[PDB]
Every structure is written in structure tokens, then in C-alpha cells.
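J.: I would like to see how this sequence folds:
(one chain, ligands or ions: 4)
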Amino acid sequence: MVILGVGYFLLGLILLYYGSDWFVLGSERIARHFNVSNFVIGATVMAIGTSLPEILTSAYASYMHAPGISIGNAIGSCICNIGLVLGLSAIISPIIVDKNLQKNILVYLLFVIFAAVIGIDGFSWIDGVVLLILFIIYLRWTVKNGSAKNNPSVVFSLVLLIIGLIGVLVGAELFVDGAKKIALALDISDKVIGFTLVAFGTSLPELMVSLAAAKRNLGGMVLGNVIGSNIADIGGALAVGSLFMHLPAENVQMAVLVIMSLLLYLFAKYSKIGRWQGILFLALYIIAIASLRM
Ligand SMILES: CCCCCCCCCCCCCCC
Ligand SMILES: [Cl-]
Ligand code: NA
Ligand code: NA
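T.: Numbers count the residues shown, from 1 in each chain. Ligands and ions are numbered 1, 2, ... in the order given. The coordinates are given below.
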């Protein structure tokens, strides 16, 4: 029971490590197959695939009459994606954003502000329907702006992508399951700390996948994955949460998200997303996890 926990734990790590690299390589091949940019594939397939844990977590939590966890999980993931995830990736592989991707980042920013404003008094199911529809529009618009039998190159690509995604999702659950059975085995089992573990747990797909893409100098994909995941977390995870139950206002977190999104837009437009922008993102993330109410 103790090292069934550690067995699970290290195995989840192994699946995350290799699963994320396969997912990245498969996604990179699929992009070239579809004649779309790495950003596009990162912002659609990769973003949605890695945000599946948040969507299920938010749905489940709100269904179980815990809408605070539902929205806290969603927004906290967004902050993590810019602060920690993009922070680390930027230092590893600096990005200079093209004029086209800037436009996409600006639309991202507008979406976040809009979400922040309508969520001032919390999110109702109607807010959810709206965010979800904007989410769908964003996807179709992103694909279009980045676009234009059985070939073994394509078949191999899809298998890389899918086994890769299975690996990071299963690996993430093993990591979280593995860690929690360790904490139970050692009687350190708060769940003041448990909500911390699954929340960050849902973020592990984005983190490992982005780092993998960062190590392979695939900056567009990283940005796409960060941008799309945040939108999938609001327009998807948060939105679905609100369908089951009204979500309490998270104005402090939303404000933090707006500021980081805004910073992200400004760097993309007038400078670069590199070492010092990355260092700043991390600083802001570290300050956030130091002072936000748990
Ligand atoms: C995902 C497809 C659209 C789903 C829309 C779900 C709407 C849920 C409404 C719940 C009841 C609201 C009652 C208000 C009185
Ligand atoms: Cl790229
Ligand atoms: Na995601
Ligand atoms: Na995720």
C-alpha cells in the first residue's frame, strides 16, 4: 500500500515523460499533414486533449454541489498555464510571435476580459452557454486562419498522437492517485492539500506537453497549447461547471488572470516571449501561490 503508491507515482511520471513527447511529435506530424500551423494544432487538439481532466473535474465537482472547486480548478489552471507552464517554456525556448498569432492572442485577451466582466457576480448556466459558444467560434476561426486512402505516415502520426495523449492522461492520474495513496499510507492526509494535488494534477498534461514541445523548439505549439487550454478551461471546463450550478465569483483570481493575459499579449505584440518574460511569469506565479486563499 505504501509503495503501491510510489509504484503508481513513478510510473505516472514515466508515462508523462514519454507520453508527452509522443503526443508532441504526433501533433507536429498531424499539423504538417493538415497543412496547419503548430499553433493551430496546439490550440485545438492538444489544448482540448490536455484540458479533459479540467472539464471532467469541473463538471463532477459542480454536479456534487461543490461549485467553488469547479471554478477554482478552472481559473487556477489558467493562471498556472501562463505563470508556470509558459514561464518555464519561454526560458527554455524563446518565442518571437508573428503578426498573425498576435491577432489570436488579442482575441484570447478579449475573451478573458469578457469572462471576467460577466463573472463579477458569478457564472450562471447562461454564462456557460455563452462562453461555450464563443469557445466553439474561437476554434473554427483559429483553424481557418491557420489552414491551407491510408498512408502509413498519417496512420503512424495518429497513433503517436493518441497513445501519447493516453500516456499523459493516464500518467497524470497515476501520479495523483500514487501521491494520495502515499499520503494516506503515511497519514499526512489533509485534503486541504488534496484539492491542491488534483488541481495541479489536472495541469500536469499541459506542463509536460509544453516542456516537451519547448525542448524541441516548437514555440508556436507551446503558445497554442497555453492559449487554447485557457480558453478550453473557461469556455469548456468553467462553462460546463455553470450548467450544473451557479459558480461563485472568483474576482481576485480573474483579475490575476486578466493581468497575466494582458502581459502575455503585450510581450507577444511589442517584444518577445523569452528568458526575462519567462522569469517574470514564474515570479508572478510564485507570488500567486504564496498569497491566494487556498
Ligand atoms: C452542452 C450543450 C448545452 C447544455 C445547456 C445546459 C443547460 C442546463 C440548464 C439547467 C437548468 C437551469 C434552470 C434555470 C431555471
Ligand atoms: Cl513552432
Ligand atoms: Na489543455
Ligand atoms: Na489540463
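
J.: drop to CA atoms for contacts and neighbour counts, all remaining ones
T.: Noted.

J.: For residue 95, give me phi and psi.
T.: According to degrees, to the nearest 10, the main-chain angles of residue 95 amount to phi -120, psi 130.

J.: what residues does the stretch 151-294 of the chain put near ligand 3?
T.: residue 229 (CA under 5 Å from the ion).

J.: go with 8 Å
T.: Applying CA under 8 Å from the ion, we find that the stretch 151-294 of the chain lies next to ligand 3 at 203, 205, 206, 225, 226, 228, 229, 230, 232, 233.

J.: ok, now the stretch 1-150 of the chain?
T.: So the stretch 1-150 of the chain meets ligand 3 at 46, 47, 48, 49, 50, 51, 52 (CA under 8 Å from the ion).

J.: show me what contacts whichever residue of the stretch 1-150 of the chain sits closest to ligand 2?
T.: Residue nearest to ligand 2 within the stretch 1-150 of the chain (CA to the ion): residue 38, separated by 5.3 Å. Taking CA atoms under 8 Å, 6 or more residues apart in numbering as the criterion, residue 38 is in contact with 27, 28, 31, 218, 220, 221, 224.

J.: Now for the last one, how many residues are close by?
T.: Meaning residue 224. Neighbour count of residue 224, defined by other CA atoms under 10 Å: 27.

J.: With just CA atoms, put whichever strand or helix holds it into PDB.
T.: Residue 224 is part of helix 219-232 when elements are defined by DSSP states H and E. What follows is helix 219-232, C-alpha atoms only, in PDB (Å, rounded to 0.1, in the frame of the first residue of the first chain):
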ATOM      1  CA  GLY A 219       7.400  27.600 -29.700                       C
ATOM      2  CA  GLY A 220       4.200  28.100 -31.700                       C
ATOM      3  CA  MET A 221       2.800  24.800 -30.400                       C
ATOM      4  CA  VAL A 222       3.600  25.800 -26.800                       C
ATOM      5  CA  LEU A 223       1.800  29.100 -27.200                       C
ATOM      6  CA  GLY A 224      -1.100  27.500 -28.900                       C
ATOM      7  CA  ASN A 225      -1.300  24.900 -26.100                       C
ATOM      8  CA  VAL A 226      -1.300  27.600 -23.400                       C
ATOM      9  CA  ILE A 227      -3.700  29.900 -25.200                       C
ATOM     10  CA  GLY A 228      -6.200  27.200 -26.200                       C
ATOM     11  CA  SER A 229      -6.100  25.400 -22.800                       C
ATOM     12  CA  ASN A 230      -7.100  28.600 -21.000                       C
ATOM     13  CA  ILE A 231      -9.900  29.100 -23.400                       C
ATOM     14  CA  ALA A 232     -10.900  25.400 -23.000                       C
END
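
J.: same for that helix, what does it pack against?
T.: helix 38-41, helix 47-50, helix 67-80, helix 99-118, helix 194-215 (3 or more CA pairs under 8 Å, 6 or more residues apart in numbering; DSSP states H and E).

J.: Thanks again, I'm all set now.
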